[PDB]
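Undergrad: Need coordinates for the below:
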Amino acid sequence: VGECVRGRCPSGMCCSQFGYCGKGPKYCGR
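TA: Numbers count the residues shown, from 1 in each chain. Please see the structure below:
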């Protein structure tokens with residue numbers, strides 16, 4: 001996604017280390 005809701009996303013999608021989001025290791029990793 002564009003950027004999280006200040007480090008929260010819906011349906012437990014992970015805010016990446018980059019402050020973007022999506023429900024997987026692409027974001028959630030590291």
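Undergrad: where's residue 4 relative to residue 23, distance?
TA: Plainly put, residue 4 is 12 Å away from residue 23 if you go by C-beta to C-beta, to the nearest Å. The way it works is simple: take the backbone N, C-alpha and C, and place the C-beta from them, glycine included.
Undergrad: repeat for residue 29
TA: As defined by C-beta to C-beta, residue 29 lies at a distance of 12 Å from residue 23.
Undergrad: likewise residue 8?
TA: With the distance defined as C-beta to C-beta, residue 8 ends up 13 Å from residue 23.
Undergrad: repeat for residue 11
TA: The span separating residue 11 from residue 23 equals 7 Å under the rule C-beta to C-beta.
Undergrad: And these two? Which one has more around it.
TA: residue 23 (13 against 5; other C-beta atoms under 10 Å).
Undergrad: Can you tell me how far that one is from residue 2?
TA: Relative to residue 2, residue 23 is positioned 15 Å away (C-beta to C-beta).
Undergrad: Pull out the buried positions in stretch 2-16.
TA: 4, 9, 13-16 (16 or more other C-beta atoms under 10 Å).
Undergrad: Check what contacts that stretch and list those residues.
TA: Contacting residues not belonging to stretch 2-16 are listed as 1, 19-24, 26-28 [C-beta atoms under 8 Å, 6 or more residues apart in numbering].
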